[PDB]
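Asks: Let me give you the structure first, and then I'll get to my questions.
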Amino acid sequence: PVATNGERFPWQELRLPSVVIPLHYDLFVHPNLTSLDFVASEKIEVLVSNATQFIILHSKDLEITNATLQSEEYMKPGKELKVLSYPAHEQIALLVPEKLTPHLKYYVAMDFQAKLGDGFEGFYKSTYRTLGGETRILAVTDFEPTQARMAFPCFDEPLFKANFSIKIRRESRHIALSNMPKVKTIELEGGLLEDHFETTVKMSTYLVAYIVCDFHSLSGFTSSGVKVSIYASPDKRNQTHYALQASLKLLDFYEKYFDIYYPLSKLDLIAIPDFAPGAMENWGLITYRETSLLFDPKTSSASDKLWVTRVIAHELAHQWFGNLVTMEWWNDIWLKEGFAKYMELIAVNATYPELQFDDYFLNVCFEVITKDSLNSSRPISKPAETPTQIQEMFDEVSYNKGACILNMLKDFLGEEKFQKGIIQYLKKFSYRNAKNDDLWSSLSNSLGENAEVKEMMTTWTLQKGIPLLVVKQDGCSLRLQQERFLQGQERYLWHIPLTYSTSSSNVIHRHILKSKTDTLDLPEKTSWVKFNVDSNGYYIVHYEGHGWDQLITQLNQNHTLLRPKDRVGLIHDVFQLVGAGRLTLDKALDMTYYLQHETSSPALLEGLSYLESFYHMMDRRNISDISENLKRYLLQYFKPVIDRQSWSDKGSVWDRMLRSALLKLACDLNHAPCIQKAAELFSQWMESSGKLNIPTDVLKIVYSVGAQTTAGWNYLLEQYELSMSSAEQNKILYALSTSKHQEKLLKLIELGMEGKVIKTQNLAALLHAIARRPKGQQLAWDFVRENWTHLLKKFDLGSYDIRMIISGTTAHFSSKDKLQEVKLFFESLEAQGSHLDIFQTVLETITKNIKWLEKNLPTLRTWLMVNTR
Ligand SMILES: CC(C)C[C@H](CP(=O)(O)[C@@H](N)CCc1ccccc1)C(=O)N[C@@H](Cc1c[nH]c2ccccc12)C(N)=O
Ligand SMILES: *[C@@H]1O[C@H](CO)[C@@H](O[C@@H]2O[C@H](CO)[C@@H](O)[C@H](O)[C@H]2NC(C)=O)[C@H](O)[C@H]1NC(C)=O
Ligand SMILES: *[C@@H]1O[C@H](CO)[C@@H](O[C@@H]2O[C@H](CO)[C@@H](O)[C@H](O)[C@H]2NC(C)=O)[C@H](O)[C@H]1NC(C)=O
Ligand SMILES: *[C@@H]1O[C@H](CO)[C@@H](O)[C@H](O)[C@H]1NC(C)=O
Ligand SMILES: *[C@@H]1O[C@H](CO)[C@@H](O)[C@H](O)[C@H]1NC(C)=O
Ligand SMILES: *[C@@H]1O[C@H](CO)[C@@H](O)[C@H](O)[C@H]1NC(C)=O
Ligand SMILES: [Zn+2]
Numbered sequence: 054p055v056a057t058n059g060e061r062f063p064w065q066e067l068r069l070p071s072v073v074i075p076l077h078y079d080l081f082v083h084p085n086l087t088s089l090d091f092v093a094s095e096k097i098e099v100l101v102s103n104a105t106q107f108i109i110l111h112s113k114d115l116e117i118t119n120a121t122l123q124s125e126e130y131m132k133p134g135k136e137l138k139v140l141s142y143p144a145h146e147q148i149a150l151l152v153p154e155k156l157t158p159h160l161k162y163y164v165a166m167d168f169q170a171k172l173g174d175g176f177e178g179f180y181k182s183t184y185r186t187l188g189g190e191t192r193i194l195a196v197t198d199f200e201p202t203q204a205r206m207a208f209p210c211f212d213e214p215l216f217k218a219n220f221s222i223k224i225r226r227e228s229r230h231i232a233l234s235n236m237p238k239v240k241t242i243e244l245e246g247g248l249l250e251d252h253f254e255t256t257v258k259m260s261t262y263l264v265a266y267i268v269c270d271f272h273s274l275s276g277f278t279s280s281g282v283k284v285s286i287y288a289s290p291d292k293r294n295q296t297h298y299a300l301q302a303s304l305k306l307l308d309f310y311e312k313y314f315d316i317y318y319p320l321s322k323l324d325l326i327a328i329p330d331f332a333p334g335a336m337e338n339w340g341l342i343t344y345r346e347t348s349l350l351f352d353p354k355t356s357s358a359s360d361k362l363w364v365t366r367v368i369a370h371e372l373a374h375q376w377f378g379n380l381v382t383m384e385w386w387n388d389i390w391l392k393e394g395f396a397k398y399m400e401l402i403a404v405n406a407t408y409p410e411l412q413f414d415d416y417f418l419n420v421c422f423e424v425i426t427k428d429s430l431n432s433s434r435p436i437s438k439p440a441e442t443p444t445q446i447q448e449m450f451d452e453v454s455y456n457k458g459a460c461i462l463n464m465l466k467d468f469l470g471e472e473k474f475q476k477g478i479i480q481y482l483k484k485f486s487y488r489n490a491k492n493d494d495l496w497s498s499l500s501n502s528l529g530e531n532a533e534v535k536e537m538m539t540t541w542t543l544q545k546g547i548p549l550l551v552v553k554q555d556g557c558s559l560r561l562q563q564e565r566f567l568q569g581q582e583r584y585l586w587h588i589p590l591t592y593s594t595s596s597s598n599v600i601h602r603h604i605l606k607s608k609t610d611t612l613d614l615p616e617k618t619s620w621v622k623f624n625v626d627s628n629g630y631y632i633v634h635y636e637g638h639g640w641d642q643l644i645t646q647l648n649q650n651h652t653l654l655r656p657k658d659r660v661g662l663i664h665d666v667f668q669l670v671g672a673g674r675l676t677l678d679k680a681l682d683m684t685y686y687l688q689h690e691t692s693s694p695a696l697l698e699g700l701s702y703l704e705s706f707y708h709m710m711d712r713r714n715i716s717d718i719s720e721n722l723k724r725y726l727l728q729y730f731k732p733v734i735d736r737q738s739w740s741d742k743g744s745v746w747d748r749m750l751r752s753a754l755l756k757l758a759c760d761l762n763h764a765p766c767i768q769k770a771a772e773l774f775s776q777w778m779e780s781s782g783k784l785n786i787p788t789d790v791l792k793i794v795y796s797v798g799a800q801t802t803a804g805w806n807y808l809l810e811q812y813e814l815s816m817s818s819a820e821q822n823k824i825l826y827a828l829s830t831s832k833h834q835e836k837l838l839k840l841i842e843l844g845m846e847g848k849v850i851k852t853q854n855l856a857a858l859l860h861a862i863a864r865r866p867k868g869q870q871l872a873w874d875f876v877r878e879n880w881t882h883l884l885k886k887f888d889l890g891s892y893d894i895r896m897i898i899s900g901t902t903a904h905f906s907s908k909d910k911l912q913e914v915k916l917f918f919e920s921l922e923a924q925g926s927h928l929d930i931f932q933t934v935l936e937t938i939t940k941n942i943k944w945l946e947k948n949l950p951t952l953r954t955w956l957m958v959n960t961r
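Going by PDB author numbering, the letters in the sequence shown line up with residues 54 to 126, 130 to 502, 528 to 569, 581 to 961, in that order.
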């Protein structure tokens, strides 16, 4: 099949031909920011493998207007190509008159043009507000995975690595940025200038970046002499201080850790006003949402600091994992994403131990397990075809699970030997691609006995879901049963590395497991045992017999006799098994008693988090009797810890997190004191007019409480357009959405659609925010459902925005009716809409919810009433 105008397409696969091979791109881009469009040309040094009559590469929404091929030897300079477009595959065919010669280089060259992108992809247009209120424009590129083809025609696959030499024409008012340092700038006739950037090292197309803006920067040098710069709106340079501080510390770390220098001479980090992704690891020119990069001490909280540190860590980890060593294809995207996600941990634990990220890491794995316990889940490494399916590859499986199995592997292998694996892997594939298999070979190959580790992880990456390790203890015998953990299978089996402890010795006994079942002995008929120490392994464990009761009991007495991460694990698993049917809800609720003793914030916040969830499920239905006793059990129990909370910014990171956590809970639950203090602080802030200062850690709590009055809601909204801290704006918007008036919420949404006051990039989260609230769950469903067509103009399905707009408004549903409506809406989508994997997940999720209610609801009712007694 073929098009556009009659004829044919010499090639049919959406994968590209391996015959033509790019070695270098001379790229010239001439953008106009008043005209809001660009004009550009390129010259690709090709190498022909087998002889051909046609050249196939990617192009999209690019008006190509002059195709030639030149002869370094064949012919002279030169000859003209016939250009053939085929949109349904985002390809174009270049037709040669004289068949090409194997083993000879050529130069494809063309002139193309288009308008600057209209939303977050390819070479698009963004704006921002200045302190004076001036609206300003920049042109920025975002290409992963398949948008480079919208900027310049090219062999747009991660394998087709090449060097890139980029030139940009610009006005005097702007600067031009790109992957590589600027070699020279040359004055042109009509007063124009032309930046010439140093040729890039070999790199995939999705990492090519360029920006013309009037931004401001702060610069510094790492030990190995790299110039790191933080670019941002001129009026925001003050917020770039931490980023620079962290940037250097991290790049340094990574160089030492990977034993590989950052190749380039400079690394820029730039804060983009309108930025869809969280950030992008463009080699040498990493782009960020302002909330991912900018920090303001007067307005950015403790967790904020931890956020931007984390995301900075993530992106620098990419320069090695992803940039230097790139996956062959988007099926193995996890090799880039899972590792970056993991290095966040390592790199931040190393350079910033005081941020206590180590205790926050289990959340990563927990978050994904929620979805990995559904049938509709998928294996880390899975096939991907159409762009949409490639986009879909970016999720908590590729990221969280990916990072979580490595953390398992590292534990199995010890830091050093694991580290050695990664030094070798990155070195072995520098400036080239790699495949899932390639990795495991290097991680296990750090006499004559061998690491078959490959066998082990290969199953971890190739099969969906998470294992449930059952354990029976008849005296000194332990039955070991493995299952596919499900939320209430046949064929699954993992080589799952076991860990455990006895009540006797806190000494850690390791072990393996490769068969459907085995058994182990116990050198002491002991009280309890605790499998999976610190939850370092990607599996759930359920104790048969008195195992669950003894372990719980232990916590009720000397709770300190169990590792804190062991606690967090017990707490996490106990409730998961309730949803699995392997436990009865009151046993979980009966564990949350020792939380009166618990001082380790991680564990205390984990337990509390579940009780807080139940409240919100109850509160989302009109289940008043339960939701209320639930409220009054949190206010009475935990009254000690709640009352110790200062409305300040003092103590450690976990101190500050605990405070914000607790204080939010109280104000959520309408605790008289709490809501009177926040109302006070707020009224002061307003009646003083910004002059007074709310501690950052309560900034959101305060704004949200002040949001309840219409005077406050209007002030907060008006102060939303005036703020120069996007982190504050973030908190104001959340507060704006804790309102009870449908029109106030509706307005926020409508303003979001418009994307003038509230940037488009925030629509997904905003919609999500509103939906969680009882007063707003219907409104959102209505909206998404009704305006779905206009939503698909703005976003891709499945862009994270759309995927998130969907689940954000439905996943929390828990009634048969809603399941019908949603089931029926996903149906409607059966056209340009259908299909997305998210459809399944959501449905399986809404059903998991209904069943949890039926299987466990009344139990909640009486465990709570049993307490009110
Ligand atoms: C991880 C964080 C530091 C930012 C990260 C940047 P990157 O370094 O992972 C980049 N390479 C991905 C950019 C991208 C995202 C989605 C589709 C195509 C291309 C991210 O993905 N962004 C958003 C949105 C998102 C994409 N996949 C996800 C998987 C799970 C959760 C969120 C996301 C975010 N908030 O992480
Ligand atoms: C983009 O287009 C604008 C006009 O829309 C160009 O600006 C004009 O350029 C000509 C030629 O130098 C001058 O005679 C005018 O005085 C300019 N007007 C203004 C207000 O700038 C601009 O040079 C173009 N930008 C680029 C970099 O191509
Ligand atoms: C394309 O990029 C590669 C790197 O992937 C460049 O190769 C380096 O070139 C320098 C200068 O000649 C050598 O000293 C290094 O040994 C090369 N590095 C490696 C690891 O190969 C190459 O120079 C670039 N090509 C062009 C045309 O500039
Ligand atoms: C090109 O030549 C190689 C070497 O024989 C051959 O294996 C390959 O199939 C050819 N590629 C195509 C299909 O043009
Ligand atoms: C964090 O860093 C410390 C050294 O400061 C190291 O001993 C520890 O193993 C690291 N933690 C983890 C779990 O990676
Ligand atoms: C709990 O156990 C710890 C560790 O031995 C001990 O220090 C403490 O005295 C015990 N507390 C109680 C409540 O018995
Ligand atoms: Zn990433």
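Positions of the beta carbon are idealized from the N, C-alpha and C atoms, including for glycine.
Just mark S597 as buried or exposed, buried being the case when its beta carbon has 16 or more other beta carbons within 10 Å.
Replies: Result: exposed.
Asks: Nearest by alpha-carbon distance to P70: which of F107, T261, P443, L172 is it?
Replies: For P70, the closest of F107, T261, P443, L172 by C-alpha to C-alpha distance is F107.
Asks: Beta carbon of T542, beta carbon of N492: below 8 Å?
Replies: yes
Asks: Are the CB atoms of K283 and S273 nearer to each other than 8 Å?
Replies: no
Asks: Could you tell me which residues DSSP puts in a beta bridge with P75?
Replies: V99
Asks: What does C269 pair with, by DSSP beta-bridge criteria?
Replies: Bridge pairing for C269: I231 [DSSP].
Asks: Following the continuous beta strand (DSSP E) through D198, name the residue where it begins and the one where it ends.
Replies: For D198, the enclosing beta strand (DSSP E) starts and ends at 191-198.
Asks: Going along the chain, which unbroken runs of the beta strand (DSSP E) with 3 or more residues stay wholly within the region 350-401?
Replies: Counting whole runs of 3 or more residues, the region 350-401 contains the beta strand (DSSP E) stretches 381-383.
Asks: With respect to 7 Å, is the separation between the Cβ of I402 and the closest non-hydrogen atom of ligand 5 below this value?
Replies: yes
Asks: In the DSSP output, what is residue 513 paired with across the bridge?
Replies: The gap in the chain between 502 and 528 takes in residue 513, so it carries no coordinates here.
Asks: Is it right to say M464 is buried, meaning 16 or more other beta carbons lie within 10 angstroms of its own, or is it exposed?
Replies: buried
Asks: How big is the Cα-Cα spacing for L156 and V101?
Replies: 7 Å
Asks: Relative to the C-alpha of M845, which residue among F887, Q568, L662 is closest?
Replies: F887
Asks: Compute every distance between the C-beta of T645 and the non-hydrogen atoms of ligand 6, then say whether any falls below 7 Å.
Replies: no
Asks: Check whether the region 240-258 touches the region 219-230, taking contact to mean three or more Cβ pairs, one atom from each stretch, closer than 8 Å.
Replies: Touching, yes.
Asks: Near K476, what residues of its chain come up, given a Cβ to Cβ distance below 8 Å and the 5 sequence neighbours on each side ignored?
Replies: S502
Asks: Classify residue 3: buried if its beta carbon has 16 or more other beta carbons within 10 angstroms, exposed otherwise.
Replies: Shown here, the chain extends from 54 to 961; a query on residue 3 therefore has no answer.
Asks: Tell me whether residue 16, by its Cβ, gets closer than 7 Å to a heavy atom of ligand 6.
Replies: Only positions 54 to 961 of the chain appear in this structure, which leaves residue 16 out of reach.
Asks: With distances taken from CA atoms, which of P694, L722, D735 is nearest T951?
Replies: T951 has its Cα closest to that of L722, out of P694, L722, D735.
Asks: To the nearest angstrom, report how far apart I478 and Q445 are at their CA atoms.
Replies: 29 Å
Asks: Within this structure, are the beta carbons of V72 and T105 separated by less than 8 Å?
Replies: Note that the C-beta distance between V72 and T105 is below 8 Å.
Asks: Confirm the yes/no value for this check: CB of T255, any heavy atom of ligand 3, distance under 7 Å.
Replies: yes
Asks: Does the separation of the CB atoms of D212 and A332 fall below 8 Å?
Replies: no
Asks: Tell me which same chain residues have a C-beta within less than 8 Å of the C-beta of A56, skipping the five on either side of it?
Replies: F62, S141, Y142, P143, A144
Asks: Return the bridge partner residues of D555 from the DSSP annotation.
Replies: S558
Asks: Alpha carbon to alpha carbon, how far is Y686 from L837? Give it in angstroms, no decimals.
Replies: 40 Å
Asks: Among all residues, which have a Cβ less than 6 Å from at least one non-hydrogen atom of ligand 4, and in what chain order do they fall?
Replies: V72, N103
Asks: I734 lies in the alpha helix (DSSP H); which residues open and close that run?
Replies: 731-735
Asks: Below 8 Å CB to CB, which residues in the same chain sit around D613 once its five sequence neighbours on both sides are set aside?
Replies: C557, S558, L559
Asks: Under 8 Å between the Cβ atoms of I930 and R895?
Replies: yes
Asks: Could you give the DSSP three-state label for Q768: helix, strand or coil?
Replies: helix
Asks: Considering only DSSP beta bridges, list what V797 is partnered with.
Replies: When DSSP reads this structure, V797 sits in no beta bridge, so it has no partner.
Asks: Rounded C-beta distance between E254 and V239? I'm assuming under 8 Å.
Replies: The pair is a contact, with the Cβ atoms about 5 Å apart (cut-off 8 Å).
Asks: Cβ-heavy atom distance between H159 and ligand 2 below 7 Å?
Replies: no
Asks: Beta-carbon separation of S260 and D324 under 8 Å?
Replies: no
Asks: Hey, how far is the Cα of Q800 from the Cα of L791?
Replies: Between the alpha carbons of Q800 and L791 lies a distance of about 15 Å.
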